[PDB]
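The data below hold one chain only, encoded as structure tokens and taken in the form deposited in one PDB entry.
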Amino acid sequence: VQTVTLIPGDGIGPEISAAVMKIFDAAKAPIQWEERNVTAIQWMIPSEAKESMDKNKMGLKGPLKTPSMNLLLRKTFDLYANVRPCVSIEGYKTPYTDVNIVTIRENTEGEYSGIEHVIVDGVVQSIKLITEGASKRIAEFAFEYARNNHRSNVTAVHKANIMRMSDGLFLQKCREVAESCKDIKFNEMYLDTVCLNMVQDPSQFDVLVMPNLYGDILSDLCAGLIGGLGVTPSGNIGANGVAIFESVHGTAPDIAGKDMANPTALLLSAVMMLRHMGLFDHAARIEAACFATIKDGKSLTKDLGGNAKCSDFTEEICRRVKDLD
């Protein structure tokens, strides 16, 4: 019965972290929370935060106010793999009803190398960095994620026609990991064609692995297909077994205390958190109680349709997860 590092964050952060705790309790999840505050100090996150996370190795983070701290946390824990599973939600109607895609995004380098130069006045160079090391690393994670989540297909998304040496190396390491993991079927597709096909028939895609900027964009595109950042879970995998699962929506200060928030997204990142450890059944039941709540449509928060308060939403999940085996 391990414990997690909880980071409620700001604005609506506490509210939804309260909602997630009450639901994990009603499910009797072997999980209690060690609240901790990350804030830029001295530049670093407080020592009491880095210590809990190196101890428990599992974190659940809500929205922070606006050095970027998700940049700070990434470098601090070597968070090299951003993972966003997107599943259409029964009860939350978007024009895309058959989405089940996991974007797997290299999170350390690529177009986000931090290196730009003014070469001469009016002429700027931004460096895209692709290394054999980090590319192999994110490919191995992609294939490992596919196995452990019973995913049939992985697609490398690239522009090696245009960026031959950089995207080509990324591809070449995806190819190598593929030929040692033939139980998962591997293919390659151009970023623009993935984009073209995604908005027509998203059901054709399974697991997508790609370098940093493409993953940055595509994960938001996919989330737009299923309803937005209010409902989308996210997890970041780091070195030495760390993993932080997170909201990716705003802090919503304009409703920050008024008990109208939607906790769905943080909850599904928590479900994702549980699955990462291995408490599958607790994850399955919490997930099911959430999906059934939105499907039922009686307790919809104001961002998902109906005029129900945040705790009436939380309570219904509570009731339904107590009545499920």
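Start at 1 and count along the sequence shown; that's the residue number. Take the two forms, find the largest set of C-alpha atoms that superpose within 1.5 Å, and that set is the rigid core.
The following text describes the form deposited in another entry, which does not appear among the structures shown.
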Checklist entry - So which residue among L213, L229, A178, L221 shifts its CA at least 2 Å between this form and the one not shown once the core is superposed? => result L213
Next on the checklist: Superposing on the rigid core, I want to see if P95 changes position between this form and the one not shown - specifically a Cα shift of 2 Å or more.
Outcome noted: no
Checklist entry - Superposing on the rigid core, does the Cα of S203 end up 2 Å or more away between this form and the one not shown? => result no
Checklist entry - Quick one: core overlaid, is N187 moving 2 Å or more at the Cα between this form and the one not shown? => result no
